[PDB]
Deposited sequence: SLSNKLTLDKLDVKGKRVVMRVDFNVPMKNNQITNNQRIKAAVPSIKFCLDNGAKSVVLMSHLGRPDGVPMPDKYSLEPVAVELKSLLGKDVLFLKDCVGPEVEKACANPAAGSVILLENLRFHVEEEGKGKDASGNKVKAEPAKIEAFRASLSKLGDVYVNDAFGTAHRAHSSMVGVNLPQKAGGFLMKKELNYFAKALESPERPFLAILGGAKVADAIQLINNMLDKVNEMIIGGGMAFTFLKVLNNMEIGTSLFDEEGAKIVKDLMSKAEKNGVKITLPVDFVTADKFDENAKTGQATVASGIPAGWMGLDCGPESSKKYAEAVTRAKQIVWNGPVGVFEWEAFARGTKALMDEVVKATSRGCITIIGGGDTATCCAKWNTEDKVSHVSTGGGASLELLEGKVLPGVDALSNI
């Protein structure tokens, strides 16, 4: 951000500040399981209030509602409540993010007002798919809600979405979390300790498989776990994967990615065994499978097994630096948590002997919180996919859209 406006040089006294934040917090049942991403934005928010901001309007997405209002499932209202105790100040929740009624609530608020808007992805124009003149109008509406713009949404900085790249105000500044996270990665990615291991898991398989190509020019080893592994095993091993996550598009480039890993001397560690489930449910009936046995029809692999855990542990022992994005099983549910807990144990042990260990992702960061290892690894990032795009060597669209100095 050496070429960009940042919040420390933004005059906010008497100004209304509209601020993109990443409040896409994990939720189990109906409540927040991890407030990390909300806590992480507090320094920028308090800064604005302490330095005389008239208001701070906060906007974020939550989940992937795909352009339809889904306030039953994906409302930011609970975040408003959280943000109150974290700040020491009340926050006013609006049930939308645009136009006339929100614009009114934001036009001229009482001094010191903190306002949280509803999920931006309730509108198709944020993403906007899931409409050119409406997109421009959506952007115009958001722009009216402050006099100056701050983007502190590091977690979403890889997304060229309307709230991230489309706000038209004269001053667009990166916030302190954006700065912290970018500075940490610039130092850690400048001359990584080697072997440099990427650990890839999670459930955003379509997105994550498309990052592998360029990551293979940066790392010396890769674990491909969690939900992503099934696409590779089906293609490479002709493994039966039952109802496990599968990415039909990524499947078409699996053999090319393996060839490039071979060409670049990147050792790829795929799981070899699984905990299976008869349905996607915490209380599913469970089984065991190997790559050779395959997974029976109608069942899904929701964790790796012990033999995979040993292979992952071997890769970790070799590593001098690690970036881990995506749990290696459905760790929120105890029947499917063992693989991720075991890998966590190994990643903590590596740290203790000098490995540089970087954990990224809203959900993988929740692993740290669950097993109390947030201060037992080198860095827990608010970015997941965002951090991996930095590892690929890209400029993030949400940073690119900021004002130049």
query: Parts of the chain sequence, as deposited, that carry no C-alpha coordinates in this structure; finding: 1, 132-141
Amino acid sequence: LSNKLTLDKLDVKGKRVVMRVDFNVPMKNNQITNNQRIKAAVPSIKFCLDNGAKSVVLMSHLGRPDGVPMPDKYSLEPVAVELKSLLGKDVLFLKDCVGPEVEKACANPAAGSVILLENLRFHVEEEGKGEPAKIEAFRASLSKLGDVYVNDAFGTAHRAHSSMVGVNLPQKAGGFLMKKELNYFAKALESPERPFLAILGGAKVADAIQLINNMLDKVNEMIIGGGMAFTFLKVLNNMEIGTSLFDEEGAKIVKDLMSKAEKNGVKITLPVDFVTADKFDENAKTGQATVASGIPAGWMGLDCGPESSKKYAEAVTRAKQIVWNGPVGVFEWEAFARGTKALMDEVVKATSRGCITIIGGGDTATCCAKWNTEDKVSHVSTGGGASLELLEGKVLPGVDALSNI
From here on, numbers count along this sequence of modelled residues.
property: Given 194-202 and 133-141, the range whose Cα B-factors average higher in the PDB entry; result: 133-141
property: Average Cα temperature factor in the PDB entry - higher stretch of 280-288, 146-154; result: 280-288
property: Highest recorded Cα temperature factor - choice among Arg353, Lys39, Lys46, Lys341; result: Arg353
property: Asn30, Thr364, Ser378, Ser60, ranked by C-alpha B-factor: the highest one; result: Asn30
property: Chain-wide C-alpha B factor ranking for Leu182, given as lowest, middle or highest third; result: lowest
property: B-factor third for the C-alpha atom of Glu307 within its chain; result: middle
property: Assigned third (lowest, middle, highest) for the C-alpha B factor of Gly383; result: lowest
property: Chain thirds of CA B-factor: placement of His161; result: middle
property: Among modelled residues of the same chain, the CA temperature factor third for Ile358; result: lowest
